[PDB]
Amino acid sequence: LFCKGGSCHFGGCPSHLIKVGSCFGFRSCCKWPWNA
């Protein structure tokens, strides 16, 4: 988990990680479901 949620949705992500935040703009932070 990098940003305030995980990996900013830089037009994608490692996989179908659940959104749990967002970086600049709408870079929705994605993170594994099995990680609170």
# chains A, B, ... in the order shown; residues from 1 in each chain; ligands from 1
$ residues_around --residues "segment 15-29 of chain A" --least-positions-apart "6" --cutoff "6 Å" --atoms "only C-alpha atoms" --output "PyMOL selection string"
chain A and resi 4-9
$ select_by_dssp --residues "chain A" --states "strand (DSSP E or B)" --output "list in words"
residues 7, 8, 18, 19, 20, 21, 22, 28, 29, 30 and 31 of chain A
$ decode --residues "chain A" --atoms "N, CA and C atoms" --output "CSV table (one decimal), in the first residue's frame"
chain,number,residue,atom,x,y,z
A,1,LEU,N,0.9,-1.2,0.0
A,1,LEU,CA,0.0,0.0,0.0
A,1,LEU,C,0.9,1.3,0.0
A,2,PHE,N,0.9,2.0,-1.1
A,2,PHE,CA,1.7,3.2,-1.2
A,2,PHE,C,1.0,4.4,-0.8
A,3,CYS,N,0.2,5.0,-1.7
A,3,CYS,CA,-0.6,6.2,-1.4
A,3,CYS,C,-1.5,6.0,-0.2
A,4,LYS,N,-2.4,7.0,0.0
A,4,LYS,CA,-3.3,6.9,1.1
A,4,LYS,C,-4.4,5.9,0.8
A,5,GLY,N,-4.0,4.7,0.4
A,5,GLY,CA,-5.0,3.7,0.1
A,5,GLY,C,-4.3,2.5,-0.6
A,6,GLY,N,-3.3,2.8,-1.5
A,6,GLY,CA,-2.6,1.8,-2.1
A,6,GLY,C,-1.8,2.3,-3.3
A,7,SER,N,-2.1,1.8,-4.5
A,7,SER,CA,-1.5,2.3,-5.7
A,7,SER,C,-2.4,3.2,-6.5
A,8,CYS,N,-2.0,4.4,-6.7
A,8,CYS,CA,-2.9,5.4,-7.4
A,8,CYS,C,-3.3,4.8,-8.7
A,9,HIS,N,-4.6,4.9,-9.0
A,9,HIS,CA,-5.1,4.4,-10.3
A,9,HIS,C,-4.6,5.1,-11.5
A,10,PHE,N,-3.3,4.8,-11.8
A,10,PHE,CA,-2.7,5.5,-12.9
A,10,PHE,C,-3.2,4.9,-14.2
A,11,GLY,N,-4.5,5.0,-14.4
A,11,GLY,CA,-5.1,4.4,-15.6
A,11,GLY,C,-5.0,2.9,-15.6
A,12,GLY,N,-4.9,2.4,-14.4
A,12,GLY,CA,-4.8,0.9,-14.2
A,12,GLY,C,-4.3,0.6,-12.8
A,13,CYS,N,-3.8,-0.6,-12.7
A,13,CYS,CA,-3.3,-1.1,-11.4
A,13,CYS,C,-2.8,-2.5,-11.5
A,14,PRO,N,-2.1,-3.0,-10.5
A,14,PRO,CA,-1.5,-4.4,-10.4
A,14,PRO,C,-2.6,-5.4,-10.9
A,15,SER,N,-3.8,-5.2,-10.4
A,15,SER,CA,-4.9,-6.1,-10.7
A,15,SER,C,-6.2,-5.5,-10.3
A,16,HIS,N,-7.3,-6.3,-10.1
A,16,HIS,CA,-8.6,-5.7,-9.7
A,16,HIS,C,-8.6,-5.4,-8.2
A,17,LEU,N,-7.6,-4.7,-7.8
A,17,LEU,CA,-7.5,-4.3,-6.4
A,17,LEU,C,-8.6,-3.3,-6.0
A,18,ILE,N,-9.1,-3.5,-4.8
A,18,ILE,CA,-10.2,-2.6,-4.4
A,18,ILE,C,-9.8,-1.2,-4.1
A,19,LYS,N,-10.5,-0.2,-4.5
A,19,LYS,CA,-10.2,1.2,-4.3
A,19,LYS,C,-10.4,1.5,-2.8
A,20,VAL,N,-9.4,2.2,-2.2
A,20,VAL,CA,-9.5,2.6,-0.8
A,20,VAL,C,-8.8,3.9,-0.6
A,21,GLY,N,-8.9,4.8,-1.6
A,21,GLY,CA,-8.3,6.1,-1.6
A,21,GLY,C,-8.1,6.7,-2.9
A,22,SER,N,-7.2,7.7,-3.0
A,22,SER,CA,-6.9,8.3,-4.3
A,22,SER,C,-5.8,9.3,-4.2
A,23,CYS,N,-5.0,9.4,-5.2
A,23,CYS,CA,-3.8,10.3,-5.2
A,23,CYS,C,-4.3,11.6,-5.9
A,24,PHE,N,-3.4,12.2,-6.7
A,24,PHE,CA,-3.7,13.4,-7.4
A,24,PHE,C,-4.9,13.1,-8.3
A,25,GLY,N,-5.7,14.1,-8.5
A,25,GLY,CA,-6.9,14.0,-9.4
A,25,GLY,C,-7.7,12.8,-9.0
A,26,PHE,N,-8.0,12.0,-9.9
A,26,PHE,CA,-8.8,10.8,-9.7
A,26,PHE,C,-8.0,9.5,-9.8
A,27,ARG,N,-6.8,9.6,-9.3
A,27,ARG,CA,-5.9,8.4,-9.3
A,27,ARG,C,-6.3,7.5,-8.1
A,28,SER,N,-7.5,7.0,-8.1
A,28,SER,CA,-8.0,6.2,-7.1
A,28,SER,C,-7.0,5.1,-6.7
A,29,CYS,N,-6.7,5.1,-5.4
A,29,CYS,CA,-5.7,4.2,-4.8
A,29,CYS,C,-6.3,2.8,-4.7
A,30,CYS,N,-5.7,1.9,-5.4
A,30,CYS,CA,-6.2,0.5,-5.4
A,30,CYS,C,-5.4,-0.4,-4.4
A,31,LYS,N,-6.0,-1.3,-3.8
A,31,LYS,CA,-5.3,-2.2,-2.8
A,31,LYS,C,-6.0,-3.5,-2.7
A,32,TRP,N,-5.3,-4.6,-2.4
A,32,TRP,CA,-5.8,-5.9,-2.3
A,32,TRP,C,-7.0,-6.0,-1.3
A,33,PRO,N,-8.0,-6.7,-1.6
A,33,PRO,CA,-9.2,-6.8,-0.8
A,33,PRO,C,-8.8,-7.5,0.6
A,34,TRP,N,-8.0,-8.5,0.5
A,34,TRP,CA,-7.6,-9.2,1.7
A,34,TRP,C,-6.5,-8.4,2.4
A,35,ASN,N,-6.7,-7.1,2.6
A,35,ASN,CA,-5.8,-6.3,3.3
A,35,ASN,C,-6.5,-5.1,3.9
A,36,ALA,N,-7.6,-5.4,4.6
A,36,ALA,CA,-8.4,-4.4,5.2
A,36,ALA,C,-8.6,-3.2,4.3
